[PDB]
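Residue numbers (this note's numbering), protein chains in the order written: chain V, 203 to 245; chain W, -7 to 196; chain U, 63 to 181; chain D, 3 to 103; chain Y, 497 to 628.
Comments concern the structure below.
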Amino acid sequence: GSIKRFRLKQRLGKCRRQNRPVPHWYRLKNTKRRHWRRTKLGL
Amino acid sequence: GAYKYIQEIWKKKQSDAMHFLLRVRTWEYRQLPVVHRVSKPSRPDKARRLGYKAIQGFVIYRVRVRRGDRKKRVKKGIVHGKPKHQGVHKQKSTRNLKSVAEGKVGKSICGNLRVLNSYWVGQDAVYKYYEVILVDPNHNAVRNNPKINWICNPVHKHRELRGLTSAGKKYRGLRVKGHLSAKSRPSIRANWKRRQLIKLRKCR
Amino acid sequence: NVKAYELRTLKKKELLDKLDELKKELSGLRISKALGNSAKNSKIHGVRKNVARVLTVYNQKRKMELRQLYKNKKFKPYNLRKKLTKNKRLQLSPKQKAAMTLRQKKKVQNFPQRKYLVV
Amino acid sequence: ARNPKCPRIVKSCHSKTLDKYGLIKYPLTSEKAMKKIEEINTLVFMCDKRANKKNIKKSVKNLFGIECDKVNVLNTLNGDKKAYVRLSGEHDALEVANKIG
Amino acid sequence: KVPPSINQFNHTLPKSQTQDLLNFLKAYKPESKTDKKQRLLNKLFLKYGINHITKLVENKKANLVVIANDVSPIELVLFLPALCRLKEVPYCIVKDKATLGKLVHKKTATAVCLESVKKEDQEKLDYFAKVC
RNA sequence: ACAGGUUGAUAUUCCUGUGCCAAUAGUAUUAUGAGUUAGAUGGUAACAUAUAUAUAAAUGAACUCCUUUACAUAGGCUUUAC
RNA sequence: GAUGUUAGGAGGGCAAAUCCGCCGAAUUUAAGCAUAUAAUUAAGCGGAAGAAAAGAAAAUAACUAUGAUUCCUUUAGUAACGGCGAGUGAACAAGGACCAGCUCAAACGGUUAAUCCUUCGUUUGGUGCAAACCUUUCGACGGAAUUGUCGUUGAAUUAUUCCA
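Shown next as structure tokens:
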């Protein structure tokens, strides 16, 4: 919707933040990854 | 001496003066709210003879409990088992009514305290009224005294909820020893468990 | 970069002033980071750990000062009393637990259990 | 009424409240934010989520020579607060912006 | 309808008679806390407390007993007029419970008994006993 | 609480203009108009009356009595706006 | 009996294997099933501890008698219960492990409740770097307590002997 409650909005942001792929320099020293369309957050 | 006279006076009961008196007391109690503190023991002789010891944080509570059976609790008045268990109406609880009364004060209502004991007080068709003696363990008078001290230990919380009151000793059958009570003694479950217990050794 | 023991001697005003100064520096490092700059990005870690050190010294100093004020008295605030278990806090004092009725005391005094040997 | 015989509990420490440096975290360096600073004399600041407008206005005046005509705020998706602080004519934004970055 | 044994606690001494008896007792109020400490520091009396009173009545150590009207459990005083009559000691039921307490330095008291008083007053004690 | 404008992505929310609404403590000054030498007038009536940078201001307690808030459906008729 | 953001304190919840109260089935077995059986089980709900519960004779025996409680070994698939079907089912002794006793109440003590507690204080210590703990006697001022706290465990009295 247009509207949200603040906890819900913050959580949606948290999930979005969680998605972000593994940092490229780290690999020089993933398996779990939300994709929006076919894999709903549900919460 | 004083207590002996009062004991015998209360012992007779259906003597005029006592009978009038019990009725008057019963009238007062029928008005009063279900659990309440009383000033000083209503029956000094029984209370003192039992657990009560007067100085500081020993407190008296008068409790009212409903009489008779409890009815089997199965919804809408039918039980779906075998005919042996189909009887709703006449079923009878294992705990005695006195124990339930100690419970009703003992649980949340007075739950700072610890229930020590309880005495009879009075009766009517609708209610039995009991008085419960309870004691505080967070106040110095019980902590200091070498007598009675034990009740402050952490292992004696909720005696009334565990069958560790005189009523509790009663319905577990712990009051009567000897061959007549047989299996009760180390606890009824415990005794059953020991008898069932099937034992082997390394070499047989 | 600075180390705890050198801090511990210092006056409370000076200690607080030093903390405020480090905070301002820390803010400056962040402002640099937010801009396109990369150059001093490593230095912020040092500053932050130093900030933490300064805070630890001041809080500890206050705690000592407060305990020193509330000597004796039988009535410290709850926080400064023992942080032993709830089960321990509720429990009897050993002194109380030990104590015994006079006749029992008389009995033990008269007939102590004793050490003995045989043929 | 009340008369505690000693304090119940005492806070020892330096305050754990959100301080002025830390309340406002850093200026925003987006293309959009540079444009706003240029064209309408308006400075864009990132702040802590639990900030409120009054606190930001006081804080900005303390932390910089800025005086604030109106402060607009929004909560981003990423968890950071974005404050548009509209400058008063008492000073002119560009120099003050140039000095901070 | 009230049973006789309960009923008999209604009829106190007259108020004026009660005051006179109380006044007569008053000087034989037992040794008080500060006084006791003073006596100890250097180097008869009215006896109270229901258990102690019953023994005093039983053994005919009692000579005059004063009974409070209105203790909340009637039972703890109920036997007392009957007992006093049977073991044949003069007894009196007095109107005010609190004052009998005041007489022994307490917030309340149940009964108070007088075994003997000074020779100069023995006639007056006999008069109270006669009234009772 | 509206119009116009404005950005790569927002706008009755930013910008420009214009307003409106709600607060707006105590104390002391000032200025604004009233009433007084403790409470204005008009109008036959229905009722009307403060145009001060601002229609601000027309004594009123307890206790009461109302009203607005605040209402179905159908059918036509009529007026204004688009 | 109310009332108190009065002063000091306490309970709530989580955790369950063992542990304690309740409440409480049925699938099942009987070649069916109705009593029995499954089972004083499972589920349900309450409560504890490092173990708990039990415990100091309203016991058993019928002997040359034993002697708090628990557990093991056992009696015993026995006495016994039971459509006397299916099935169920103890106790006493005996051999051990361990081995521990007690106090209220009741009686007795009034030329003096000898008790108890909060708050204020006050000192003989000992540890510890400090923090802090740990011992330690001595007074106040409140209260509480005879509607019964404390002492004593029939009562004195002799010789002996001990302990603080």
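Even for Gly, the Cβ is constructed at its ideal location relative to N, Cα and C.
- With distances taken between CA atoms, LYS593 (chain Y) lies nearest to Y:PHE505 out of Y:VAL498, Y:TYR524, Y:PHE505 and Y:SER501.
- When Cβ-Cβ separations below 9 Å define contact, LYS211 (chain V) makes contact with chain D.
- Within chain U, the residues whose beta carbon sits less than 7 Å from that of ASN136 (chain W) are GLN158, listed in sequence order.
- Between the C-alpha atoms of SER173 (chain W) and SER179 (chain W) there is a straight-line separation of about 11 Å.
- Per DSSP, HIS93 (chain D) lies in no beta strand (DSSP E) and is assigned neither H nor E.
- Taking all protein chains shown into account, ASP37 (chain W) has 16 or more neighbouring C-beta atoms within 10 Å of its C-beta and is therefore buried.
- Residues of the region 212 to 233 of chain V whose Cβ lies closer than 8 Å to any Cβ of chain D, in chain order: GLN212, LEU214, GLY215, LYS216, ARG218 and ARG219.
- Between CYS588 (chain Y) and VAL567 (chain Y) the beta-carbon gap is near 16 Å, outside 8 Å, which marks them as no contact.
- Note on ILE70 (chain W): under 16 other CB atoms within 10 angstroms of its CB, so exposed under the neighbour-count rule.
- Assigned with DSSP and collapsed to three states, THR44 (chain D) falls in strand.
- Residues of chain W whose Cβ lies closer than 7 Å to the Cβ of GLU554 (chain Y) are, in chain order, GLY(-7).
- Annotated as distal: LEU576 (chain Y) and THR595 (chain Y), with beta-carbon spacing of 9 Å or more.
- Three or more beta-carbon pairs drawn from the region 15 to 33 of chain D and the region 85 to 97 of chain U are found closer than 8 Å, and the two stretches are therefore classed as touching.
- The contact set of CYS144 (chain W) on chain U, defined by CB atoms closer than 8 Å, consists of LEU154 in chain order.
- Under the Cβ distance rule, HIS93 (chain D) does not count among the residues neighbouring chain U, no pair being separated by less than 9 Å.
- Taking a cut-off of 8 Å on C-beta distances, the region 220 to 227 of chain V does not touch the region 543 to 557 of chain Y, as fewer than three cross pairs fall below it.
- Inter-residue distance for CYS628 (chain Y) and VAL55 (chain W) is about 42 Å (C-alpha atoms, whole angstroms).
- Going by beta carbons, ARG124 (chain U) and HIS93 (chain D) fall outside the 9 Å limit.
- When 7 Å is used as the limit between beta carbons, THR163 (chain U) is near these residues of chain W: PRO138 and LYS139, in chain order.
- Assignment of beta-bridge partners to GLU123 (chain W) by DSSP yields W:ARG54 and W:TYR111.
- Within the DSSP secondary-structure output, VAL590 (chain Y) pairs in a beta bridge with Y:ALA564.
- Comparing alpha carbon positions, the residue from W:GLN6, W:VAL127 and W:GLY103 closest to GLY43 (chain W) is W:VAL127.
- Contact of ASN104 (chain W) with chain U is not assigned, every C-beta pair being separated by 9 Å or more.
- Cβ contact annotation for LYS539 (chain Y) (same chain, cutoff 8 Å, sequence separation greater than five): none.
- Close CB contacts of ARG236 (chain V) within its chain, under the 8 Å cut and outside five residues either way in sequence, are with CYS217, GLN220, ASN221 and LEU243 (chain order).
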